[PDB]
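Novice: Need a 3D model of the following:
(one chain, ligands or ions: 2)
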Amino acid sequence: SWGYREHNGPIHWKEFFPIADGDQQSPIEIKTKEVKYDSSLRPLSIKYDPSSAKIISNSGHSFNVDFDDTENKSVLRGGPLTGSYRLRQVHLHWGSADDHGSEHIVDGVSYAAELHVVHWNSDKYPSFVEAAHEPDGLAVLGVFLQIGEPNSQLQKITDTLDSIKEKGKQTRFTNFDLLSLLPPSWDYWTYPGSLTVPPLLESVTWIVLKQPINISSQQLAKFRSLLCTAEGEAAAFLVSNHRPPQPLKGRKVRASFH
Ligand SMILES: COC(=O)c1ccc(SCCc2ccccc2)c(S(N)(=O)=O)c1
Ligand SMILES: [Zn+2]
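Specialist: Numbering: from 1, shown residues only. Ligands and ions are numbered 1, 2, ... in the order given. Below is the structure in question.
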């Protein structure tokens, strides 16, 4: 099974998942001087109910906060999107070093880490699964994390990480104010792309927030203490879980701001 180790890592994903070599793969390098300001883009409009979060788990590839996507309590609207996209899940990417952890890279700069908020198009598709397979199916909001002062909005998550050391472990997790974790400014870049983990489906409209949020070194280190292995299996740590940037192949990266 795929992972981020020598033998199963990004460079090998294409053996098992051919679309790894597609023309709309993510993440990318965002070169700010080449991005175009699009006055036709709309402001992001976000409503995230703290009662939506239910469960935190170790997938073996990140932690995953799972949200009740039965109805439309928690949604993303606006930006480049047509209609309403329903909140499904949150996870984080990091690397083994604090200066090289994000998936998206801005003018050569890699952040300490990158939070992904995953949503699906409930206005057009009946379920996350059906949406995941369409070009306008999914929308992922990306937030960069930079090293600095500890972030009290991450305490809720970090406090759970011991209980989910092993791959597969899960713990109830509710009253999670995801809105308060986002940066104060919602200016963004957007481009059409893919999942950054197998199955690597090209169904994602990426919305990458310009403004990072803080994390301490000590907070980030706690994530690398998660295992990519299950109970009663040789232990290996998830020290790194980001995919290298992929070729743009002529796609247009747009900015909500000038
Ligand atoms: C290391 O990162 C992850 O663990 C991770 C998990 C889920 C997802 S999205 C849902 C994947 C999925 C699986 C099966 C079917 C349809 C969608 C992503 S991402 N970076 O937004 O592309 C990362
Ligand atoms: Zn992700």
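
Novice: Quick check on the residue lying farthest from the centre of the chain: phi, psi?
Specialist: Ranking residues of the chain by C-alpha distance from their mean position (Cα atoms, centre = their mean) puts residue 232 at the top, at 29.0 Å. The phi/psi pair for residue 232 (degrees, to the nearest 10) reads phi 60, psi 60.

Novice: And the helices in the protein, which stretches?
Specialist: Here the chain has its helices, by DSSP state H, at 13-16, 128-131, 155-158, 178-181, 217-224.

Novice: follow-up on the earlier one: for the residue farthest from the centre of the chain, give its distance to residue 144.
Specialist: 37 Å (Cβ to Cβ, to the nearest Å). All C-beta spots, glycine's among them, are computed from the backbone N, C-alpha and C.

Novice: what does residue 203 give?
Specialist: From residue 203 to residue 144 the distance is 23 Å (Cβ to Cβ).

Novice: Same question for residue 102.
Specialist: 6 Å.

Novice: and ligand 1, which of the helices of the chain is closest to it?
Specialist: Distance to ligand 1, taken as Cβ to the nearest ligand atom, is lowest for helix 128-131 among the helices of the chain, at 6.8 Å.

Novice: picking that back up, who's more crowded, residue 203 and residue 144?
Specialist: Using other Cβ atoms under 10 Å, the more surrounded residue of residue 203 and residue 144 is residue 144, with 25 against 22.

Novice: ok now do the more buried one, which residues does it touch?
Specialist: 102, 104, 106, 111, 113, 114, 115, 209, 212, 213 (Cβ atoms under 8 Å, 6 or more residues apart in numbering).

Novice: Residue 168 too?
Specialist: By Cβ under 8 Å, 6+ apart, the neighbours of residue 168 are 57, 58, 60, 230, 231.

Novice: Quick check: it vs ligand 1, distance?
Specialist: 13 Å (Cβ to the nearest ligand atom, to the nearest Å).

Novice: Could you report the separation of that residue from residue 227?
Specialist: Applying Cβ to Cβ to residue 168 and residue 227 gives a distance of 10 Å.

Novice: same check, this time on residue 53
Specialist: In terms of Cβ to Cβ, residue 53 sits 23 Å off from residue 227.

Novice: more neighbours, these two?
Specialist: residue 53 (24 against 19).

Novice: Surely the more buried one and residue 179 touch.
Specialist: No - applying Cβ atoms under 8 Å, one finds residue 53 not in contact with residue 179, separated by 11.5 Å.
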